[PDB]
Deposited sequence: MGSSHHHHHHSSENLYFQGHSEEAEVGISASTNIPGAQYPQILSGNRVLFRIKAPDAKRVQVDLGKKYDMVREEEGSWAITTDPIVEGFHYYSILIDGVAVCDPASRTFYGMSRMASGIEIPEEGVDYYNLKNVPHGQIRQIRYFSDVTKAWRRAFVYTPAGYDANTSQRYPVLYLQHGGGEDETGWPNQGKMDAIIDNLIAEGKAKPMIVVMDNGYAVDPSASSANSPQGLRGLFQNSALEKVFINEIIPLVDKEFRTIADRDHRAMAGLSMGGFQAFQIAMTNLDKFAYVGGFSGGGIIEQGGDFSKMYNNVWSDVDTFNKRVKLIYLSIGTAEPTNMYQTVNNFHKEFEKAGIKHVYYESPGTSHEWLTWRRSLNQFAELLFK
């Protein structure tokens, strides 16, 4: 087709890319001297030369949600000049948003809004400056005798602490849930899933030390938190989900809620003994933990699906109580993770 709507991820003033009927995407770029121009969106497409040095292609229908993508000039993968950038795939990378019909819980609404703030701290573990983003709920500044539970929320491999604020649209998701009475007012802390102890010789003891010895005490000191395990949760996507289980299950005195979004799991050991025998007494474990949540997209790559799905099945066989969610029609991509946060946050602190 030809008439379309500019993607919401376009830089201001950029009319292309445009989403056509059927969620095909029309890409254009001016590159008169280029030898090859491709777009990598689900798969690689060669653009075709058009008039006055421009190239264009119309993709197959693109599945609804958020997708990283690249323009390739002569095989060199780069950010599209026409789109915003995100930290993903271990660099700055383009992303494109394909709207869902009749879904708007991750969109901005005229409801009371929280705030995402940037906090900087020097880590003694890593001997480096670090940065976290902290969501506070609407009315935080005025309700000075109110305190709040805290969710610690982590990004995936190749991403960083800007992931949930940007790709994850987390402030809209949480703003809307709280405004509709579906989630309790809560603080959300988004840090970086990488940590290097320079003196040291998906498990990372440095990251665990950073969380337990630095981030949690800092957040509990700078914010009006309810600083106990019944009001503290940890969750993450992919790598961050493995980290959430590793850190929470070896520090159950600090957390009663844990979530893995397309992450978590593992001959594979003696499942009975995972995380230093944390659930070797299943009955006691089930009453220590208020929530274990696992999610996966139905369309994820087979080995990713199997890892989380087999984790789910081991919980069933052992009788470990948990919530299990398959996101219909999505893969190892951010819409799976927005859906997961939406469900998980509704379950927290109840």
Counting from 1 along the deposited sequence, give me every gap where there's no C-alpha, start to finish. 1 to 23, 225 to 235, 301 to 302
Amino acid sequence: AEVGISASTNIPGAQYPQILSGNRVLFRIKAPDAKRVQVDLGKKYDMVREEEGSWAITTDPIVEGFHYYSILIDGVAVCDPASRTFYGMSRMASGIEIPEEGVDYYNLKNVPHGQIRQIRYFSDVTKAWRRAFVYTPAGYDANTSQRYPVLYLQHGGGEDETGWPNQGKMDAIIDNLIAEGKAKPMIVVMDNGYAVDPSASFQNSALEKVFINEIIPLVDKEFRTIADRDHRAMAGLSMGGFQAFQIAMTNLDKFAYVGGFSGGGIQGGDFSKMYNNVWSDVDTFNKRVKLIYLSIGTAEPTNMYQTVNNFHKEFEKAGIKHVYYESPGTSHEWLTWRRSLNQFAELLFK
From here on, numbers count along this sequence of modelled residues.
When the C-alpha temperature factors are averaged for each of 185 to 193 and 272 to 280, which stretch ends up with the higher value in the entry? 272 to 280
Quick check on the record: does 98 to 106 or 155 to 163 carry the larger mean Cα temperature factor? 98 to 106
So if I compare the CA B-factors in the entry for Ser262, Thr144, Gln246, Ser83, which one is the largest? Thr144
Among the chain's modelled residues, which third holds the C-alpha B-factor of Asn10? lowest
Against its chain's modelled residues, does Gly240's Cα B factor rank lowest, middle or highest third? lowest
Using the B-factor values recorded in the entry, state whether the Cα atom of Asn309 falls in the lowest, middle or highest third among the modelled residues of its chain. middle
Lowest, middle or highest third: where is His113 by Cα B-factor in its chain? middle
When the deposited Cα B-factors of this chain's modelled residues are ordered and cut into thirds, is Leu294 in the lowest, the middle or the highest one? lowest
